[PDB]
Structures are given as C-alpha cells and as structure tokens.
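Colleague: Chains as they are written, first to last, in UniProt numbering: chain A, 129 to 218, 224 to 319; chain B, 130 to 219, 224 to 319; chain C, 130 to 218, 225 to 241, 245 to 319.
Given below as structure tokens:
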C-alpha cells in the first residue's frame, strides 16, 4: 500500500564502506515502513569485499553509512554510501523521510543538537560463535554535506572490544537493528 | 487516525520537579496502532535549570506518570503531562490504551508484578560526547491512583554511573525509546 | 487480519521442560504484518514448579521452537507451542522470508536476530536476558516450511532467586522480513 520503501530483502552489493573505492563492497538491507506518523526501520549490513570482511580482525572499528536524499526522498547516489535508490514495494517518497521539524537542520557548527540522534545496539556473531555488541548511532538530518541535499540519515556501527572477533577473513554481518522516527509529511 | 501524540516538537508540557507548578520539560510521546498492538516512541527534553542539572549527579531517576480516563484522555491534574494527546487525523482514544486484560490492575500489595512492566534502555549523550545508558522502566496499568482513572502508563529513566555525566548545566535529552504493548479494544 | 497471535493472556500453551507431556508455561506471541515486515512481541510466563525454579541457578537457558507448515500454521507435535496461533480476522504472509532467511545445509549467520530483555527477581534486582531468535536456516523435516526459535539466556554472577517465583520474561520486540501473502 505504498507503505514500504526499501532495498529489497536480499540485495546485491549496493553500498560502499571503503573510502576511495569505486564499486560496492557491501550489501545494505534497509527497510522503511510508514506507520501512522512514524517510520519503522530495519537495517543490516553484510560485507562483500576482503577489506570489509577483515575489519573485525581489529578490536576497535567503526563502520559508517551515509544516506543523502533529495526533496522527493530519492537517494543522491554519488554522495551517498548507497549507490542504488530505494524502491517502493507498491513517485515521491518524501513521506518516508525524517521530519525536519522533529529532527531539524541546524546552523552548521553552532552549539549542539543531540535531538537529532538515535542510539542503540546490535551484534556481530563471530566465526567461533562469540557474540560482540555493536553500538549504533543514527543521525537524522541536522547537517548537510552540500546544497543539493534535503534529508540526511547516517548509520554508525562501532565495536570496541578487549578482543577482535576474528583472526581471519569472515563474512561481516551486523545483526538486524530496528528503530523508529518521526516522519515528514507525505 | 492511527496516531495519538503530543506532536513532533512540543513546547514544555510536562512536570518533572516535585512541587513545581508549570512544565519544566518537553515530553514527546507518540502512540501508533499497529494491529493488536501499539508501537510507542518517547523522549524527554529538559526545559528548566533543575532538570538540566540533574546529570551533575551520578545517580538519577526521572519519573513521568500518565493517567487516562475511560476514553483514553489524559487527566492533567494528576498526570506529569499537562496537555492532552491529540490524534493526527482530526472521539475515543480508548483503542490506544494498554489492555487491562494483558496488563491488569491489581491489589496495592508489594510485589514484582512483572506482567505490568516493560524494561529497556536508551541513552544520554553528555557534553563531552560520552554516551551514558539510561535504564528505562515502563509500567502499564497495575495500580489505580484514584477513582477517576481508567488506564496508567508511567516511565522511569534511571542513570546509575560511576561518574556523573556533567559538571555543568546541559540540556537534558533522553534518546528515543521505543516499545510495544498490547492495546485495548477500540 | 494484520495480527497473528496467541491472544493477550493465553492459558498454558507451551512446553519448556523437554519430555513433559503438557504445557508448563504461557507463551504470548504476537506477530503484526506491517508493510514488508512483521513486528513481533514475545513474553514467556512459567506455569509449573520446574519452570518457576529455573532462576534459582546463575546459568539458565530457556528454549522455544516453533515449526510452521506451508500455510503458516504451527506443527504442534514438534513445536514447543501446542496450540496454533489465530488471526484477529493462510498465515503464510506472517512467516519469515526464505529469501531473507533461507534454509541451508551446513557459516551462515544472516538468519539471527539478537537482543535483550529482562527478568525482575523477587528482591527487585533486574537481570538482563540475552535473546537469540533464529529464522528458518535448519530444516528438521519435510512437514516443515518455516522455523522460528527463541532462546533466552541468563549468565549471572548471582541467581535472581533462592525460591520458587513466577518466571516472566519482560516483553521482547523484534522485526523480520516477511514472506509473500
């Protein structure tokens, strides 16, 4: 009913984690479901390169995904980590965007606006079965990368362990992280 | 229509400080009907020097109490929240209330009464950028405060840290907490 | 209609103690169809001395396995839940996607949701319970078309309880990609 905006359930490599790299090195599953005045979100990232799939050979690691949308809620693929636009399940996608009233854009470097953040946790299950917490930070709007952009949504997964989940290459998977935010008018 | 809320960016509407006379904080609360459950979203922002200095202590508790009449309208005299919720689609808000079958009222006896509680976690980001977990307790119904009340929803954010997050005044903001509960019939 | 569930306050309908003949617990499971996903809500309540004494130990693992047929109905012989879910109205559309979460023959960890809920002990102490949800992945038989398993784990320095007390897992919410209607 128009109510789902997503990457599909099992997307091909569509996302770039590694700075400078020219083609997707990861698979971002992102699902945004419109429900009343909020969006319910579901996001998981799967590695698809040796670089991404060896990140957890280190104890401290940060993975950033930046999504920038235009005025009609379509991805700007050049600047975004995600290189393919989201699609509706069943035209404008403005109504899935984060509210600029609840999560306003602010003056670039003036004060602090922690009103624009969602924090949470998901996990990485290592090849030996050990489960490591990943701290999740979602930033909504707040700040523009350029003057072409109308909406912002960034994800940061952060691991800080006494130990490195891995000593070898292993398929990176962030366990599903769910979240909700106040959506813009349709 | 299927959303009952305070709006996305409410003016000070909630009293934290005991004895205080007018709102000292901004409560954002959004309740969305989703089949037989409600999906909830809640965050609290400080709007007074008292609230905005609580995090100078390492152990803090913040209580918000909401009491609703038989048609799911706030009772402002007894509730922490002094302005009623409104529907996005401008009748009864009964269908948004926590089920008295799932979350019963019981005799005022000491006890854990676990069935009436939802536990979870949200966060406070301090001025220095440090992230503090806040333990969240949601109580549904369980204890009637008087003969005027038909539904109860209370929130507690607890901080118990080894170090206080702040040494100075800073805008208190609870990162968004989401939860779901079984709702009453419309 | 858009809700598939046990109901809000079910009678004993679930078996936790392996080999036991009848329900020893009350599983509340609520699955709401929301666009391309299901939003789930699950809590377990003990209803036997065995279940209600588990938390006298520091290490506790509670497992529930749900096996569904092709039209999304519980297989009670093999499932921990002995009564089928009901619509508030085929429930295939409520089932976990075999595209997102495929069955496989034996590393494959995309089939897991991890999280936390809690147990409040009689003395008021709050204990976190580590939650693992597994979707499909392992096919036990030919009668089964979808799998949904829950594991609640406590590993504590100390035991929530010295005596019998009603086991209640605080509500755990989760979301997964659903199969086509």
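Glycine included, every Cβ here is placed at the ideal spot set by N, Cα and C.
Sorted by chain position, which residues of the same chain lie with C-beta nearer than 7 Å to residue 204(A)'s C-beta, five sequence neighbours on each side aside?
Modeller: 196, 197, 198, 281, 282
Colleague: Just mark residue 299(C) as buried or exposed, buried being the case when its beta carbon has 16 or more other beta carbons within 10 Å.
Modeller: buried
Colleague: Would you decide whether residue 295(A) is buried or exposed? Buried here means 16 or more other CB atoms lie within 10 Å of its CB.
Modeller: exposed
Colleague: Could you tell me if residue 200(A) is buried or exposed, where buried requires 16 or more neighbouring beta carbons within 10 angstroms of its beta carbon?
Modeller: exposed
Colleague: Contact criterion: CB-CB distance below 8 Å. Does residue 217(B) meet it with respect to chain A?
Modeller: yes
Colleague: Any contact of the region 145-159 of chain C with the region 202-219 of chain B, i.e. 3+ C-beta pairs under 8 Å?
Modeller: When Cβ pairs closer than 8 Å are counted between the two stretches, the region 145-159 of chain C is seen not to touch the region 202-219 of chain B, the count staying below three.
Colleague: Does DSSP put residue 277(C) in a helix, a strand or coil?
Modeller: coil
Colleague: Are residue 173(A) and residue 236(A) close, meaning C-beta to C-beta below 8 Å?
Modeller: no
Colleague: Considering just the uninterrupted stretch of the beta strand (DSSP E) at residue 239(B), what are its terminal residues?
Modeller: That residue, residue 239(B), is in no beta strand (DSSP E); it is neither H nor E in DSSP.
Colleague: Which residues of chain C have a Cβ atom closer than 7 Å to the Cβ of residue 163(A), listed in chain order?
Modeller: 163
Colleague: So residue 315(A) and residue 315(B) are in contact, right, with Cβ under 8 Å, and what is the actual spacing, rounded?
Modeller: Wrong, their Cβ atoms sit about 23 Å apart, outside the cutoff.
Colleague: Once you ignore the five residues that flank residue 293(B) on each side, which residues in its own chain have a CB closer than 6 Å to its CB?
Modeller: Once the five neighbours on either side are set aside, the close Cβ partners of residue 293(B) are 188.
Colleague: For the beta strand (DSSP E) that contains residue 256(A), what are its first and last residues?
Modeller: 250-258
Colleague: Determine whether the beta carbon atoms of residue 167(B) and residue 310(B) lie at a separation below 8 Å.
Modeller: Taking 8 Å as the cut-off, the Cβ atoms of residue 167(B) and residue 310(B) do not count as close.
Colleague: So what does DSSP say about residue 228(A), is it helix, strand or coil?
Modeller: helix
Colleague: Looking at residue 242(B) and the ligand ZN, is the gap between the Cβ and the nearest heavy atom below 7 Å?
Modeller: This structure lacks the ligand ZN; in fact it carries no ligand of any kind.
Colleague: Comparing the C-beta of residue 238(A) with each C-beta of chain B, is any distance below 8 Å?
Modeller: no
Colleague: Just to check my reading of the structure: residue 163(C) and residue 163(B) have Cβ atoms closer than 8 Å, yes? What is that Cβ distance to the nearest angstrom?
Modeller: 6 Å
Colleague: Would you call the region 227-246 of chain A and the region 258-269 of chain A in contact, with 3 or more CB pairs under 8 Å?
Modeller: no
Colleague: Name the residue from 169(B), 286(B), 182(B) whose alpha carbon lies nearest to the alpha carbon of residue 154(B).
Modeller: 182(B)
Colleague: Is the shortest distance between the beta-carbon of residue 185(C) and the beta-carbons of chain B less than 8 Å?
Modeller: no
Colleague: Excluding sequence positions up to five away, which residues of its chain have a Cβ less than 7 Å from the Cβ of residue 194(B)?
Modeller: Within the same chain, residue 194(B) has close Cβ partners 208, 209, 287.
Colleague: Applying a beta-carbon distance threshold of less than 7 Å, which residues of chain C neighbour residue 235(B)?
Modeller: 137, 138
Colleague: Please say whether residue 138(B) and residue 247(A) have beta carbons closer to each other than 8 Å?
Modeller: no
Colleague: Is residue 315(A) close to chain B, meaning its C-beta is less than 8 Å from at least one C-beta of that chain?
Modeller: yes
Colleague: Mapping DSSP to helix, strand and coil, what is residue 160(C)?
Modeller: Here residue 160(C) sits in strand by DSSP.
Colleague: What is the C-beta distance between residue 317(C) and residue 231(C), in whole angstroms, given that I count them as a contact (C-beta under 8 Å)?
Modeller: 7 Å
Colleague: Please name the residues in the region 287-316 of chain A whose beta-carbon is closer than 8 Å to at least one beta-carbon of chain C, in chain order.
Modeller: 303, 304, 306, 308, 309, 311
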